[PDB]
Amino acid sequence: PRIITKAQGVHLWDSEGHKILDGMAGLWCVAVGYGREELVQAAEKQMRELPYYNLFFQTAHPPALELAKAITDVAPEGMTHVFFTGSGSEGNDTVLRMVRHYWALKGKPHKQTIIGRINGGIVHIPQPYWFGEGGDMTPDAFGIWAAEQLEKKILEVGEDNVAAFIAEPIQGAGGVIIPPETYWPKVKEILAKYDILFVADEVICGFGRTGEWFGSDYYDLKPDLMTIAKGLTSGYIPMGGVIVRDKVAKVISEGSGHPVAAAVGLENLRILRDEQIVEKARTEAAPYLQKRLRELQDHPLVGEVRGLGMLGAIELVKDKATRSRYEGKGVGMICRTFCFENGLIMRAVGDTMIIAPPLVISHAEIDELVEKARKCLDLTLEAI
């Protein structure tokens, strides 16, 4: 366990003066990067004024109402309400209660089952991970097939027994599973046929991570509920939320947020907008990040490099043609260790190395990342 004494921009400094590039932005959290005093001052001002309370007695410009309006401004069309929580985990619980409450109010209490994906009361369908699970199929065909497994499960369970499909636009913690380009159009086509709610888990994809405001923007999804956290405050203060489409909010309405967290969240969103951090990540940072990341495709250890927006993944293989793994050898952990010893935070999911840098990472910092990553891929192979 290394002791950090400073954090600024994309870098940590440990107690030994070693400078570390944080390629995971905290835990997918620190969108604007470390050391933005403005977020400190927003928490300090709100805590010093009136630390807590709402309705009957409130401050002049309550940050939560302004936060919700600002969230709905950058959210997909029709997403008009926001219910705030203390965390992303509390958000995903809140959302699953909302879908079942929604159907109960609609007079359909049998609509109880949540369909989710492997590695993403509850039933599961295959995740759209071509690299590990697609075999010799084309990405396009494996994406259509995986999406088709949602329809099968809806009919197997029974539409009148299904409440909702829940999914991250891109599975984060499961290994930056970027689906084939056929996947989401096919899922939309299936969702169009069935009276079930679609929950977009945007706790990782939300607030700039794909180059759009939300992963739902990236894939033109029209979810009914979106769970958010993390990037919402750039991780400076805990907070989650559920964004709700107008029709759903209308049903739930007939049958909130802490001010200090909301003040951090409002200021974090304002910075992302007024400094065009999201837009510049899409147009300037991500093109450089993805081109330079894939330059590692030549490495003997790298079976694949994938990524879009500010997400990236590097697969560690034993043979490239067959996409096999150094089974049992804990290659991911070994690579991660060398990463930590050479001032680079990547995380390992299996033998997948994943990165999600702060959105403000510069080209020069991207050069530092891919340089340190190749450096540790050599160290890993040599160690094997």
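Throughout, we count residues from 1 along the sequence that is shown.
The entry models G255 and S256 with a gap of 4 to 9 deposited residues left without coordinates. According to the entry, the deposited sequence has no residues without coordinates between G172 and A173, so the chain runs continuously there. Between 305 to 313 and 103 to 111, the higher mean Cα B-factor belongs to 103 to 111.
The stretch 273 to 281 shows the higher mean C-alpha B-factor when 207 to 215 is compared against 273 to 281 in the entry. Ranking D220, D298, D224, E202 by Cα temperature factor from the entry places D298 first. Per the PDB entry, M98 shows the highest C-alpha temperature factor of the residues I243, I177, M98, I237. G328 sits in the highest third of its chain by CA B factor, as recorded in the PDB entry.
Sorting the modelled residues of the chain by their CA temperature factor places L65 in the middle third.
When the modelled residues of the chain are ordered by C-alpha B-factor, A75 sits in the middle third. Sort the chain's modelled residues by C-alpha temperature factor and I166 lands in the lowest third, per the entry. Placement of the Cα temperature factor of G343 within the chain: highest third of the modelled residues, per the deposited record.
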